[PDB]
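Trainee: Below is protein-v9.pdb; it holds PDB, C-alpha atoms and all ligand atoms.
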ATOM      1  CA  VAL A   1      21.713  93.084 -31.271  1.00  0.00           C
ATOM      2  CA  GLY A   2      21.668  94.802 -34.628  1.00  0.00           C
ATOM      3  CA  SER A   3      23.387  93.206 -37.624  1.00  0.00           C
ATOM      4  CA  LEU A   4      25.335  89.978 -38.054  1.00  0.00           C
ATOM      5  CA  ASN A   5      28.509  90.401 -40.201  1.00  0.00           C
ATOM      6  CA  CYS A   6      31.664  88.481 -41.101  1.00  0.00           C
ATOM      7  CA  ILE A   7      34.843  90.343 -41.970  1.00  0.00           C
ATOM      8  CA  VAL A   8      37.746  88.636 -43.767  1.00  0.00           C
ATOM      9  CA  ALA A   9      40.920  89.217 -45.840  1.00  0.00           C
ATOM     10  CA  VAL A  10      41.457  86.291 -48.348  1.00  0.00           C
ATOM     11  CA  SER A  11      44.342  85.877 -50.864  1.00  0.00           C
ATOM     12  CA  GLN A  12      43.714  84.764 -54.395  1.00  0.00           C
ATOM     13  CA  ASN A  13      43.957  80.992 -53.476  1.00  0.00           C
ATOM     14  CA  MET A  14      41.352  81.726 -50.740  1.00  0.00           C
ATOM     15  CA  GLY A  15      43.933  81.694 -47.924  1.00  0.00           C
ATOM     16  CA  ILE A  16      43.163  83.239 -44.597  1.00  0.00           C
ATOM     17  CA  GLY A  17      46.176  82.140 -42.473  1.00  0.00           C
ATOM     18  CA  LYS A  18      49.473  80.360 -42.380  1.00  0.00           C
ATOM     19  CA  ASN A  19      50.584  78.951 -39.025  1.00  0.00           C
ATOM     20  CA  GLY A  20      48.319  81.241 -37.160  1.00  0.00           C
ATOM     21  CA  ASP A  21      49.935  84.113 -39.069  1.00  0.00           C
ATOM     22  CA  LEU A  22      48.426  86.018 -42.076  1.00  0.00           C
ATOM     23  CA  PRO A  23      49.756  84.717 -45.441  1.00  0.00           C
ATOM     24  CA  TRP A  24      50.991  88.218 -46.473  1.00  0.00           C
ATOM     25  CA  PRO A  25      52.958  91.111 -44.980  1.00  0.00           C
ATOM     26  CA  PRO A  26      51.136  93.423 -42.589  1.00  0.00           C
ATOM     27  CA  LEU A  27      48.907  95.920 -44.355  1.00  0.00           C
ATOM     28  CA  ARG A  28      48.423  98.984 -42.186  1.00  0.00           C
ATOM     29  CA  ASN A  29      45.406 100.257 -44.196  1.00  0.00           C
ATOM     30  CA  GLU A  30      43.830  96.805 -44.221  1.00  0.00           C
ATOM     31  CA  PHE A  31      44.168  96.895 -40.411  1.00  0.00           C
ATOM     32  CA  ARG A  32      42.688 100.402 -40.101  1.00  0.00           C
ATOM     33  CA  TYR A  33      39.742  99.278 -42.181  1.00  0.00           C
ATOM     34  CA  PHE A  34      39.221  96.119 -40.087  1.00  0.00           C
ATOM     35  CA  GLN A  35      39.410  98.272 -36.852  1.00  0.00           C
ATOM     36  CA  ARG A  36      37.111 101.085 -38.127  1.00  0.00           C
ATOM     37  CA  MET A  37      34.424  98.612 -39.321  1.00  0.00           C
ATOM     38  CA  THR A  38      34.347  96.457 -36.207  1.00  0.00           C
ATOM     39  CA  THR A  39      34.558  99.384 -33.796  1.00  0.00           C
ATOM     40  CA  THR A  40      32.060 101.825 -35.194  1.00  0.00           C
ATOM     41  CA  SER A  41      28.647 101.541 -33.665  1.00  0.00           C
ATOM     42  CA  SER A  42      25.621 102.526 -35.675  1.00  0.00           C
ATOM     43  CA  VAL A  43      24.072 103.575 -32.331  1.00  0.00           C
ATOM     44  CA  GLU A  44      25.279 105.834 -29.496  1.00  0.00           C
ATOM     45  CA  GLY A  45      25.687 104.300 -26.049  1.00  0.00           C
ATOM     46  CA  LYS A  46      26.196 100.855 -27.655  1.00  0.00           C
ATOM     47  CA  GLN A  47      29.183  98.648 -28.423  1.00  0.00           C
ATOM     48  CA  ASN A  48      29.939  96.136 -31.185  1.00  0.00           C
ATOM     49  CA  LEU A  49      30.607  92.491 -30.188  1.00  0.00           C
ATOM     50  CA  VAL A  50      33.425  90.675 -32.155  1.00  0.00           C
ATOM     51  CA  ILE A  51      33.217  86.920 -32.154  1.00  0.00           C
ATOM     52  CA  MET A  52      36.220  84.694 -32.868  1.00  0.00           C
ATOM     53  CA  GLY A  53      37.619  81.182 -32.425  1.00  0.00           C
ATOM     54  CA  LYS A  54      40.469  80.346 -30.068  1.00  0.00           C
ATOM     55  CA  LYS A  55      42.911  80.176 -32.927  1.00  0.00           C
ATOM     56  CA  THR A  56      42.041  83.656 -34.176  1.00  0.00           C
ATOM     57  CA  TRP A  57      42.111  85.072 -30.679  1.00  0.00           C
ATOM     58  CA  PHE A  58      45.639  83.734 -30.181  1.00  0.00           C
ATOM     59  CA  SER A  59      46.731  84.887 -33.647  1.00  0.00           C
ATOM     60  CA  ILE A  60      46.532  88.649 -32.669  1.00  0.00           C
ATOM     61  CA  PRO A  61      49.514  90.258 -30.921  1.00  0.00           C
ATOM     62  CA  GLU A  62      48.721  90.374 -27.177  1.00  0.00           C
ATOM     63  CA  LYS A  63      49.496  94.080 -27.312  1.00  0.00           C
ATOM     64  CA  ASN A  64      46.309  94.185 -29.307  1.00  0.00           C
ATOM     65  CA  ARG A  65      44.190  91.799 -27.290  1.00  0.00           C
ATOM     66  CA  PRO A  66      41.424  92.389 -26.455  1.00  0.00           C
ATOM     67  CA  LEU A  67      40.376  94.455 -29.515  1.00  0.00           C
ATOM     68  CA  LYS A  68      39.652  97.671 -27.715  1.00  0.00           C
ATOM     69  CA  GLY A  69      36.442  99.611 -28.066  1.00  0.00           C
ATOM     70  CA  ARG A  70      34.584  96.268 -28.586  1.00  0.00           C
ATOM     71  CA  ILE A  71      33.255  93.259 -26.573  1.00  0.00           C
ATOM     72  CA  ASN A  72      35.562  90.259 -27.242  1.00  0.00           C
ATOM     73  CA  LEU A  73      33.812  86.858 -27.349  1.00  0.00           C
ATOM     74  CA  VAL A  74      35.916  83.742 -28.001  1.00  0.00           C
ATOM     75  CA  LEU A  75      34.188  80.586 -29.229  1.00  0.00           C
ATOM     76  CA  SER A  76      35.617  77.341 -27.911  1.00  0.00           C
ATOM     77  CA  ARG A  77      34.380  73.967 -26.811  1.00  0.00           C
ATOM     78  CA  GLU A  78      37.622  72.940 -25.047  1.00  0.00           C
ATOM     79  CA  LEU A  79      38.253  76.107 -22.979  1.00  0.00           C
ATOM     80  CA  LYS A  80      36.383  76.097 -19.661  1.00  0.00           C
ATOM     81  CA  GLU A  81      37.043  79.798 -19.183  1.00  0.00           C
ATOM     82  CA  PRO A  82      37.689  82.842 -21.376  1.00  0.00           C
ATOM     83  CA  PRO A  83      41.355  83.340 -22.336  1.00  0.00           C
ATOM     84  CA  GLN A  84      43.268  85.944 -20.378  1.00  0.00           C
ATOM     85  CA  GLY A  85      42.142  89.427 -21.623  1.00  0.00           C
ATOM     86  CA  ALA A  86      38.865  88.232 -23.247  1.00  0.00           C
ATOM     87  CA  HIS A  87      35.368  89.113 -21.973  1.00  0.00           C
ATOM     88  CA  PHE A  88      33.108  86.095 -22.744  1.00  0.00           C
ATOM     89  CA  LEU A  89      33.402  82.524 -23.900  1.00  0.00           C
ATOM     90  CA  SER A  90      30.811  80.451 -25.760  1.00  0.00           C
ATOM     91  CA  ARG A  91      30.622  76.899 -26.934  1.00  0.00           C
ATOM     92  CA  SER A  92      28.836  77.993 -30.170  1.00  0.00           C
ATOM     93  CA  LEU A  93      27.440  80.970 -32.190  1.00  0.00           C
ATOM     94  CA  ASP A  94      23.949  79.810 -31.267  1.00  0.00           C
ATOM     95  CA  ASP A  95      25.058  80.239 -27.654  1.00  0.00           C
ATOM     96  CA  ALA A  96      26.990  83.510 -28.121  1.00  0.00           C
ATOM     97  CA  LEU A  97      23.982  85.135 -29.724  1.00  0.00           C
ATOM     98  CA  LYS A  98      21.511  83.870 -27.087  1.00  0.00           C
ATOM     99  CA  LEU A  99      23.960  85.620 -24.667  1.00  0.00           C
ATOM    100  CA  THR A 100      23.316  88.850 -26.536  1.00  0.00           C
ATOM    101  CA  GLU A 101      19.627  88.059 -26.166  1.00  0.00           C
ATOM    102  CA  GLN A 102      20.261  88.052 -22.371  1.00  0.00           C
ATOM    103  CA  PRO A 103      19.578  91.174 -20.352  1.00  0.00           C
ATOM    104  CA  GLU A 104      23.323  90.965 -19.797  1.00  0.00           C
ATOM    105  CA  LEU A 105      24.393  92.460 -23.133  1.00  0.00           C
ATOM    106  CA  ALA A 106      20.762  92.975 -23.999  1.00  0.00           C
ATOM    107  CA  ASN A 107      20.771  96.675 -23.900  1.00  0.00           C
ATOM    108  CA  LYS A 108      24.708  97.105 -24.641  1.00  0.00           C
ATOM    109  CA  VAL A 109      25.414  95.551 -28.216  1.00  0.00           C
ATOM    110  CA  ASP A 110      24.787  97.087 -31.646  1.00  0.00           C
ATOM    111  CA  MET A 111      26.237  94.933 -34.463  1.00  0.00           C
ATOM    112  CA  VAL A 112      27.980  91.582 -34.110  1.00  0.00           C
ATOM    113  CA  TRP A 113      31.170  90.900 -36.016  1.00  0.00           C
ATOM    114  CA  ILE A 114      32.768  87.452 -36.730  1.00  0.00           C
ATOM    115  CA  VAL A 115      36.620  87.870 -37.258  1.00  0.00           C
ATOM    116  CA  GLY A 116      37.529  84.176 -37.724  1.00  0.00           C
ATOM    117  CA  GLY A 117      38.310  81.338 -38.236  1.00  0.00           C
ATOM    118  CA  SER A 118      36.950  79.138 -41.032  1.00  0.00           C
ATOM    119  CA  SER A 119      34.895  77.060 -38.689  1.00  0.00           C
ATOM    120  CA  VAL A 120      33.445  80.194 -37.235  1.00  0.00           C
ATOM    121  CA  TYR A 121      32.887  81.608 -40.694  1.00  0.00           C
ATOM    122  CA  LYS A 122      31.154  78.324 -41.680  1.00  0.00           C
ATOM    123  CA  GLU A 123      28.649  78.360 -38.746  1.00  0.00           C
ATOM    124  CA  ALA A 124      27.781  82.026 -39.512  1.00  0.00           C
ATOM    125  CA  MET A 125      27.075  81.111 -43.181  1.00  0.00           C
ATOM    126  CA  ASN A 126      24.700  78.361 -41.984  1.00  0.00           C
ATOM    127  CA  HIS A 127      22.982  80.774 -39.609  1.00  0.00           C
ATOM    128  CA  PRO A 128      19.677  81.338 -41.352  1.00  0.00           C
ATOM    129  CA  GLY A 129      18.736  85.020 -41.382  1.00  0.00           C
ATOM    130  CA  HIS A 130      20.297  88.272 -42.611  1.00  0.00           C
ATOM    131  CA  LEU A 131      24.070  88.144 -43.068  1.00  0.00           C
ATOM    132  CA  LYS A 132      26.728  90.348 -44.650  1.00  0.00           C
ATOM    133  CA  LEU A 133      30.043  89.305 -45.923  1.00  0.00           C
ATOM    134  CA  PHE A 134      32.680  92.091 -45.820  1.00  0.00           C
ATOM    135  CA  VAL A 135      35.491  90.651 -47.933  1.00  0.00           C
ATOM    136  CA  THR A 136      38.971  92.146 -48.495  1.00  0.00           C
ATOM    137  CA  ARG A 137      40.427  90.552 -51.677  1.00  0.00           C
ATOM    138  CA  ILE A 138      44.245  90.405 -51.805  1.00  0.00           C
ATOM    139  CA  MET A 139      45.147  89.990 -55.429  1.00  0.00           C
ATOM    140  CA  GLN A 140      47.904  87.400 -55.162  1.00  0.00           C
ATOM    141  CA  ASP A 141      48.377  83.759 -54.206  1.00  0.00           C
ATOM    142  CA  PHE A 142      49.950  83.204 -50.821  1.00  0.00           C
ATOM    143  CA  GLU A 143      51.004  79.983 -49.110  1.00  0.00           C
ATOM    144  CA  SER A 144      48.230  79.299 -46.662  1.00  0.00           C
ATOM    145  CA  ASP A 145      47.177  76.403 -44.509  1.00  0.00           C
ATOM    146  CA  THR A 146      43.606  77.488 -43.678  1.00  0.00           C
ATOM    147  CA  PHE A 147      40.888  78.821 -46.035  1.00  0.00           C
ATOM    148  CA  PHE A 148      37.781  80.908 -46.391  1.00  0.00           C
ATOM    149  CA  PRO A 149      34.958  78.591 -47.421  1.00  0.00           C
ATOM    150  CA  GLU A 150      33.707  79.311 -50.977  1.00  0.00           C
ATOM    151  CA  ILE A 151      30.890  81.934 -51.367  1.00  0.00           C
ATOM    152  CA  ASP A 152      27.643  80.768 -53.010  1.00  0.00           C
ATOM    153  CA  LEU A 153      26.769  83.557 -55.364  1.00  0.00           C
ATOM    154  CA  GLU A 154      23.390  81.940 -55.818  1.00  0.00           C
ATOM    155  CA  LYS A 155      22.665  82.977 -52.193  1.00  0.00           C
ATOM    156  CA  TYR A 156      25.100  85.924 -51.689  1.00  0.00           C
ATOM    157  CA  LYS A 157      24.792  88.964 -53.975  1.00  0.00           C
ATOM    158  CA  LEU A 158      27.855  91.188 -54.488  1.00  0.00           C
ATOM    159  CA  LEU A 159      26.769  94.769 -53.751  1.00  0.00           C
ATOM    160  CA  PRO A 160      27.685  97.404 -56.383  1.00  0.00           C
ATOM    161  CA  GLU A 161      28.793  99.675 -53.577  1.00  0.00           C
ATOM    162  CA  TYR A 162      28.654 100.305 -49.911  1.00  0.00           C
ATOM    163  CA  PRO A 163      28.791 103.549 -47.929  1.00  0.00           C
ATOM    164  CA  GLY A 164      32.207 103.873 -46.307  1.00  0.00           C
ATOM    165  CA  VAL A 165      33.961 101.207 -48.415  1.00  0.00           C
ATOM    166  CA  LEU A 166      36.328 102.116 -51.245  1.00  0.00           C
ATOM    167  CA  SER A 167      35.448 100.554 -54.610  1.00  0.00           C
ATOM    168  CA  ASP A 168      38.800 100.790 -56.400  1.00  0.00           C
ATOM    169  CA  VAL A 169      42.002  98.788 -56.163  1.00  0.00           C
ATOM    170  CA  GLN A 170      44.267  99.508 -53.215  1.00  0.00           C
ATOM    171  CA  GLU A 171      47.976  98.957 -53.046  1.00  0.00           C
ATOM    172  CA  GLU A 172      50.390  98.618 -50.187  1.00  0.00           C
ATOM    173  CA  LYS A 173      53.723  96.834 -50.331  1.00  0.00           C
ATOM    174  CA  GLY A 174      53.514  96.101 -54.070  1.00  0.00           C
ATOM    175  CA  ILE A 175      50.360  94.178 -53.160  1.00  0.00           C
ATOM    176  CA  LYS A 176      47.029  94.946 -54.697  1.00  0.00           C
ATOM    177  CA  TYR A 177      43.672  94.433 -53.069  1.00  0.00           C
ATOM    178  CA  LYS A 178      40.021  95.605 -53.223  1.00  0.00           C
ATOM    179  CA  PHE A 179      37.031  95.779 -50.736  1.00  0.00           C
ATOM    180  CA  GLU A 180      33.770  93.816 -51.375  1.00  0.00           C
ATOM    181  CA  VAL A 181      30.414  93.440 -49.520  1.00  0.00           C
ATOM    182  CA  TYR A 182      28.112  90.414 -50.128  1.00  0.00           C
ATOM    183  CA  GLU A 183      24.614  90.175 -48.669  1.00  0.00           C
ATOM    184  CA  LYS A 184      22.457  87.204 -47.988  1.00  0.00           C
ATOM    185  CA  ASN A 185      19.005  86.692 -46.471  1.00  0.00           C
ATOM    186  CA  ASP A 186      17.481  83.212 -46.663  1.00  0.00           C
TER     187      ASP A 186
HETATM  188  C1  LIG B   1      49.725  90.855 -37.102  1.00  0.00           C
HETATM  189  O1  LIG B   1      49.087  91.956 -36.473  1.00  0.00           O
HETATM  190  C2  LIG B   1      47.753  91.848 -36.241  1.00  0.00           C
HETATM  191  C3  LIG B   1      46.998  90.778 -36.666  1.00  0.00           C
HETATM  192  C4  LIG B   1      45.651  90.758 -36.339  1.00  0.00           C
HETATM  193  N1  LIG B   1      44.957  89.684 -36.860  1.00  0.00           N
HETATM  194  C5  LIG B   1      45.728  88.609 -37.448  1.00  0.00           C
HETATM  195  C6  LIG B   1      43.500  89.742 -36.939  1.00  0.00           C
HETATM  196  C7  LIG B   1      42.893  90.522 -38.147  1.00  0.00           C
HETATM  197  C8  LIG B   1      43.563  91.605 -38.759  1.00  0.00           C
HETATM  198  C9  LIG B   1      43.116  92.045 -40.038  1.00  0.00           C
HETATM  199  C10 LIG B   1      41.941  91.525 -40.572  1.00  0.00           C
HETATM  200  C11 LIG B   1      41.139  90.616 -39.835  1.00  0.00           C
HETATM  201  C12 LIG B   1      41.766  89.953 -38.746  1.00  0.00           C
HETATM  202  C13 LIG B   1      40.034  90.058 -40.588  1.00  0.00           C
HETATM  203  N2  LIG B   1      39.227  89.078 -40.150  1.00  0.00           N
HETATM  204  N3  LIG B   1      39.548  90.745 -41.580  1.00  0.00           N
HETATM  205  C14 LIG B   1      40.234  91.731 -42.208  1.00  0.00           C
HETATM  206  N4  LIG B   1      39.864  92.037 -43.433  1.00  0.00           N
HETATM  207  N5  LIG B   1      41.582  91.897 -41.861  1.00  0.00           N
HETATM  208  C15 LIG B   1      45.011  91.789 -35.637  1.00  0.00           C
HETATM  209  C16 LIG B   1      45.838  92.833 -35.167  1.00  0.00           C
HETATM  210  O2  LIG B   1      45.541  94.008 -34.403  1.00  0.00           O
HETATM  211  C17 LIG B   1      44.124  93.960 -34.101  1.00  0.00           C
HETATM  212  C18 LIG B   1      47.207  92.867 -35.490  1.00  0.00           C
HETATM  213  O3  LIG B   1      48.034  93.932 -35.066  1.00  0.00           O
HETATM  214  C19 LIG B   1      48.923  94.288 -36.129  1.00  0.00           C
END
Would you write the structure of this file as C-alpha cells?

Mentor:
Amino acid sequence: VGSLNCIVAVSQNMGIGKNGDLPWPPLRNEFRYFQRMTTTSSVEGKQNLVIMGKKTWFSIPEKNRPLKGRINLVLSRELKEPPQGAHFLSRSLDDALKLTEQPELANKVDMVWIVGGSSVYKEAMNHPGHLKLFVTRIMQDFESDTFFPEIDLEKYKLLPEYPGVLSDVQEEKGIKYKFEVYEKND
C-alpha cells in the first residue's frame, strides 16, 4: 500500500450529494479526472484500491459499478456481505487497510483512494499519518443534503501546484470549477 488519498467534488456551500445524487449536472471532464486519478497506478503490476461507503457505492450507475481498473472496497457495518459487483467489504477503514496489510492484497495495491461519503471522509481525516486531499471546487451553491466536513488549514496545506492537475478555472455547462490538492502529515 502506497499513498492514502481522498477525492471529492464539493459545491460552494460544501455540498457533496443530494438524495444520493450529485447536487449539479453531470460534468464529463470532472468524471474523466476522477477516473484518471483513481485508476492510474504509480507502479506497474499494481492496482489502486478505492474505498467507499454503502451510500456512495449505490450512488454510481450500475453500468459503472464496480469502478473498473480498480479494487472496489465498500465500508459498511450493516452489510454482512459485499454488494453485488463489489470485491471486498469492511466494517471500518482501520479494517480495510489491515486487509491491504494482508498477503491477500499485500503485493497487489499501490495507492488507496477514498471516494465517499462524509463519514468515510471523516474517518480518513482522523487517520493519523500522511494524507492528501484532492478537492474539486464547483464555484456555485447547490441544494445538498450531505456535506464535506470542513478542512483545517492549520493541519492541511494547500499545494501551489501538483503534477497532472490543472491550476486554472474550468467550465462546463455554464458552471465554473477548479482543482486543489491539500496535504497533511501529523
Ligand atoms: C452520475 O454518474 C456517475 C456518478 C458517479 N458518482 C456519483 C461517483 C463520483 C463521480 C465523480 C466524482 C467522485 C465521485 C468524487 N468523489 N470525486 C470527484 N471529484 N468527482 C460515478 C460515475 O461513474 C464512475 C458516474 O457515471 C456517470

Trainee: So which residues are near ligand LIG 1 (chain B), meaning at most 8 Å away with all atoms listed in the file counted, given back as a VMD selection string?

Mentor: chain A and resid 6 to 10 20 to 22 26 28 30 to 31 33 to 35 56 to 57 59 to 61 63 to 65 67 114 to 116 134 to 136

Trainee: On this structure, which residues satisfy the PyMOL selection byres (((chain A and resi 45) around 12) and not hetatm), written as a list in words?

Mentor: residues 40, 41, 42, 43, 44, 46, 47, 48, 69, 107, 108, 109 and 110 of chain A

Trainee: Mind checking which residues fall within 12 Å of residue 165 in chain A, counting only C-alpha atoms, ignoring those fewer than 2 positions away in the same chain, and posting them as a list in words?

Mentor: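 Near neighbours after the sequence-gap exclusion: residues 30, 33, 34, 36, 37, 134, 135, 136, 159, 160, 161, 162, 163, 167, 168, 169, 170, 178, 179, 180 and 181 of chain A.
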
Trainee: Could you work out how far CA of residue 87 in chain A lies from CA of residue 1 in chain A, giving the answer in Å with one decimal?

Mentor: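 Computing it gives 17.0 Å between the two atoms.
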
Trainee: Find the distance between CA of residue 70 in chain A and CA of residue 138 in chain A and write it in Å to one decimal.

Mentor: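 Straight-line distance from CA of residue 70 in chain A to CA of residue 138 in chain A works out to 25.8 Å.
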
Trainee: Give the answer as one residue: which of A:83, A:174, A:53, A:164 has the shortest atom-to-atom distance to residue 119 in chain A, using only C-alpha atoms?

Mentor: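 Looking only at the distances to residue 119 in chain A, the closest residue turns out to be A:53.
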
Trainee: Which residues fall under the PyMOL selection byres (((chain A and resi 50) around 6) and not hetatm) in this file, as a ChimeraX atom specification?

Mentor: /A:49,51,72,112-114

Trainee: From the options A:68, A:38, A:137, A:172, which residue's atoms come nearest to residue 3 in chain A, counting all atoms listed in the file?

Mentor: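 Smallest separation from residue 3 in chain A among the options: A:38.
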
Trainee: To test your reading of the syntax: which residues would the PyMOL selection byres (((chain A and resi 143) around 10) and not hetatm) return for the file shown? Reply as JSON, numbers by chain.

Mentor: {"A": [11, 13, 14, 15, 16, 17, 18, 22, 23, 24, 141, 142, 144, 145, 146]}

Trainee: If you take every atom of range 33-40 of chain A that the file lists and fit an axis-aligned box around them with 4 Å extra on each side, what centre and edge lengths come out in Å to one decimal, as AutoDock Vina command-line options?

Mentor:
--center_x 35.9 --center_y 99.0 --center_z -38.0 --size_x 15.7 --size_y 13.7 --size_z 16.4
